[PDB]
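First structure 1, then structure 2: two forms of the same chain, each alone, as structure tokens.
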Structure 1
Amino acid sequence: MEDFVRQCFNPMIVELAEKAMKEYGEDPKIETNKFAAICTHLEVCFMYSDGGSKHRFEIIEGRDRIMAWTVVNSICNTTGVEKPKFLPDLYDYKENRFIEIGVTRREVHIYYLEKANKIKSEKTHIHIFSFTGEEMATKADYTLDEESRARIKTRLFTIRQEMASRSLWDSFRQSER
């Protein structure tokens, strides 16, 4: 599974995931499933910010803590939108809202409720994806066009198939909570 991650994900995503795990005392060599989950979530967030017009989204995930809050606070001062208690993943300049992106191996509705009642913030938009092709967003507002969401859902589908071909999918799908 470790060799699959460094093979199907770019070195920039792999390095970001390795730093996030080591910041919590986890070895990517041992918790290889969470290693892949972080890479997958990072890849989806980067594809999400490329699926609209130019400069429509500001990336917050992947940045270090100080720069991430520098971007968040700069937006709240310029646009007046409320400041989130936790770091979101994107900001929609067109819709004037923060975006939280989730990638689940289980069911898409369980992850939305778990992330909605955990974020608590009324303004932050939520958009969940899954490896089987489902997606659900806040109030059915999927932000992106059907073509940009299709390449994200197809990308997750391709990842699921490659690990299934490598007999790594069921161990990955199982270890989510």
Structure 2
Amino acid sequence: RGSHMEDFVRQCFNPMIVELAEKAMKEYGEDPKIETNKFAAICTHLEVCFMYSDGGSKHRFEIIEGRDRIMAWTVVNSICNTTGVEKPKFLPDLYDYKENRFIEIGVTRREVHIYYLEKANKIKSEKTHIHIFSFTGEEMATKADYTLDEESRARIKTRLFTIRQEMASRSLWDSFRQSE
């Protein structure tokens, strides 16, 4: 079976994002052909991570997401034993070489207050910065430190709203909203 959401995801995101999401889903044992809504969510979260990395200077952000599980952890230990920063219990998404902290990036279809709370409950690591974006343009970061330029975060937000418009124009937004 081939769904509409699957054919939309492959057309919306660039091929480098799609295969990085496909490899990550199969690496954790889930089929992008069937869990199509999470397929869309990983591509979305992945693109936001890359846009976030493009916000600072050239050699400021180190990307951990998208890598294979073993290599993603390899980079973390290298950073930890370089920076003298505690090794996080869970895999983060980035590392800020300027502010010396790992970053967890969240993208939700719900209230930014709600997801931060559960994101901090599962993290339990006080050092890793948390940064949430929403499909409605809201954002909440830890200690209100949003790290990036206003222009850089704004580019992320408008991209997220474009995705929801394209989903809504294909009637796929309602199913995507009720999947999270």
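Structure 1 provides the reference sequence; residues are numbered from 1 along it. We call the rigid core the largest set of C-alpha positions that still match within 1.5 Å between the two forms.
With the core fitted between the two structures, just one of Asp64, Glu134, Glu26, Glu114 shows a Cα displacement of at least 2 Å, namely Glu26.
After superposing on the rigid core, the C-alpha of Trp169 is displaced by 0.6 Å between the two structures.
Core superposition gives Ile13 a CA displacement of 1.2 Å between the two structures.
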